[PDB]
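Just one chain is shown here, as structure tokens, and it is the form deposited in one PDB entry.
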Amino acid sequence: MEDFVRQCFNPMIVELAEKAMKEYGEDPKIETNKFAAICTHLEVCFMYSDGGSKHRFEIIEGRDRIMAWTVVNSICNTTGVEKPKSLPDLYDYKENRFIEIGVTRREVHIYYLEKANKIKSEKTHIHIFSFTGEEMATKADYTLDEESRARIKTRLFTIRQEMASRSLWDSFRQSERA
């Protein structure tokens, strides 16, 4: 599974994921499912931001903390939107709202509720993907067109199939905690 991650994901994603783990004292060579999950969430955030017109989205996830908040605080100043209590994943210039992206190994509704309680910043929009093709979004508003969302869902499915072909999927699927 460590070799799986290093083979499956772009090196920039893998480096960001290793850093995120190390900043909390975790070893990517040991907590390997966590390693994969963080890689997956990052790649989904980058694909989402490529999903619309050029310049439609601002990426917040994947930046160091100081630059992430500089982006958020900048956007709050130029558009007047409310400042979130915690770092979101993207800003949508078209809809003028922050977006929290979730990727789940359980199912989308339990995760949606959890991030609704976890974030609770009433203004941030929540969009969840599963590995089996379900999605769930705030007020049933899915932001991107069907083509873009289809591309994300197809990519998660491929990862699932690839894990299972290597016999890693069952441990990964069971490793996500409330």
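When you see a residue number, it is the position in the sequence shown, counting from 1.
When the C-alpha B-factors of 132 to 140 and 33 to 41 are averaged, 132 to 140 comes out higher. Mean CA temperature factor is higher for 77 to 85 when stretches 98 to 106 and 77 to 85 are set side by side in the entry. Among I152, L113, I59, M67, the highest C-alpha B-factor in the deposited entry belongs to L113.
Annotation for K22: C-alpha temperature factor in the lowest third relative to the rest of the modelled chain, per the entry. For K54, the recorded CA temperature factor ranks within the highest third of the chain's modelled residues.
For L156, the recorded CA temperature factor ranks within the middle third of the chain's modelled residues. Per-chain ranking of the deposited C-alpha B factor places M163 in the middle third. The PDB entry assigns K123 a C-alpha temperature factor belonging to the highest third of its chain's modelled residues.
The form deposited with a small molecule bound is left out here; the points below concern that form.
Using a 4.5 Å heavy atom cutoff, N10, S49 and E61 all lie near the small molecule in the bound PDB entry. Among residues of the shown chain, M163 is not one whose heavy atoms approach the small molecule to within 4.5 Å in the bound PDB entry. For the chain shown alone, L168 is not a contact residue for the small molecule in the bound PDB entry, no non-hydrogen atom being within 4.5 angstroms. Among heavy atoms of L156, none comes within 4.5 Å of the small molecule in the bound PDB entry.
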